Amino acid sequence: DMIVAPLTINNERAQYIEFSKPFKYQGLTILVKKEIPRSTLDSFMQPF
Amino acid sequence: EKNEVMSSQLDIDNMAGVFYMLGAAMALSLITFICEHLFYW
């Protein structure tokens with residue numbers, strides 16, 4: 001009789017369901033891994 | 001994204017020109033030593 005969850009809002013759903021007002025605004029975005037590594041390699045030799 | 005990894009001391013032409021300057025210095029040393037030997041006596 002109700003669906004309480006992180007549910008998005010878009011007309012595809014909004015044809016058959018009734019939505020409340022939004023209770024948390026948001027958007028979409030991308031996640032990717034973060035990498036440290038340095039580049040030390042034969043330090044005396046690379047410019048040599 | 002037009003760029004390139006910069007050039008380290010891989011420049012054989014640049015270092016070769018510097019070394020040619022060094023050899024010119026060597027020749028100048030030879031000639032000034034000869035000239036000093038001439039100016040002494």
# chains A, B, ... in the order shown; residues from 1 in each chain; ligands from 1
$ residues_around --residues "residue 8 (chain B)" --least-positions-apart "5" --cutoff "10 Å" --atoms "only C-alpha atoms" --output "PyMOL selection string"
chain A and resi 46-48
$ write_last_selection --atoms "N, CA, C and O atoms" --output "CSV table (one decimal), in the first residue's frame"
chain,number,residue,atom,x,y,z
A,46,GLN,N,67.1,7.2,-15.3
A,46,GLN,CA,66.0,7.6,-16.3
A,46,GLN,C,66.4,8.9,-17.1
A,46,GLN,O,66.3,8.9,-18.3
A,47,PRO,N,67.0,9.9,-16.4
A,47,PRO,CA,67.5,11.0,-17.2
A,47,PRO,C,68.9,10.8,-17.8
A,47,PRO,O,69.5,11.7,-18.4
A,48,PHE,N,69.5,9.6,-17.6
A,48,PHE,CA,70.8,9.3,-18.0
A,48,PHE,C,70.9,8.5,-19.3
A,48,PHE,O,71.7,8.8,-20.1
$ closest_residue --among "A:45, A:8, A:35, A:18" --to "chain B" --atoms "only C-alpha atoms"
A:45
$ atom_distance --atom1 "CA of residue 40 (chain A)" --atom2 "CA of residue 12 (chain B)"
23.5 Å
$ interface_residues --of "chain B" --to "chain A" --cutoff "10 Å" --atoms "only C-alpha atoms" --output "PDB file with N, CA and C atoms, in the first residue's frame"
ATOM      1  N   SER B   7      61.293  16.168 -22.729  1.00  0.00           N
ATOM      2  CA  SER B   7      62.539  15.496 -23.065  1.00  0.00           C
ATOM      3  C   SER B   7      63.570  15.689 -21.960  1.00  0.00           C
ATOM      4  N   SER B   8      64.012  14.581 -21.375  1.00  0.00           N
ATOM      5  CA  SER B   8      65.057  14.623 -20.363  1.00  0.00           C
ATOM      6  C   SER B   8      66.407  14.770 -21.042  1.00  0.00           C
ATOM      7  N   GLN B   9      67.488  14.504 -20.318  1.00  0.00           N
ATOM      8  CA  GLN B   9      68.795  14.549 -20.953  1.00  0.00           C
ATOM      9  C   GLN B   9      68.960  13.328 -21.846  1.00  0.00           C
ATOM     10  N   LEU B  10      68.046  13.172 -22.798  1.00  0.00           N
ATOM     11  CA  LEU B  10      68.214  12.263 -23.916  1.00  0.00           C
ATOM     12  C   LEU B  10      68.700  12.988 -25.157  1.00  0.00           C
TER      13      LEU B  10
END
$ atom_distance --atom1 "CA of residue 31 (chain B)" --atom2 "CA of residue 13 (chain B)"
26.8 Å
$ select_by_dssp --residues "chain A" --states "alpha helix (DSSP H)" --output "list in words"
residues 11, 12, 13 and 14 of chain A
$ atom_distance --atom1 "CA of residue 30 (chain A)" --atom2 "CA of residue 7 (chain A)"
18.7 Å
$ residues_around --residues "residue 20 (chain A)" --least-positions-apart "3" --cutoff "12 Å" --atoms "only C-alpha atoms" --output "number ranges by chain"
A: 2-4, 7-9, 14, 17, 23-24
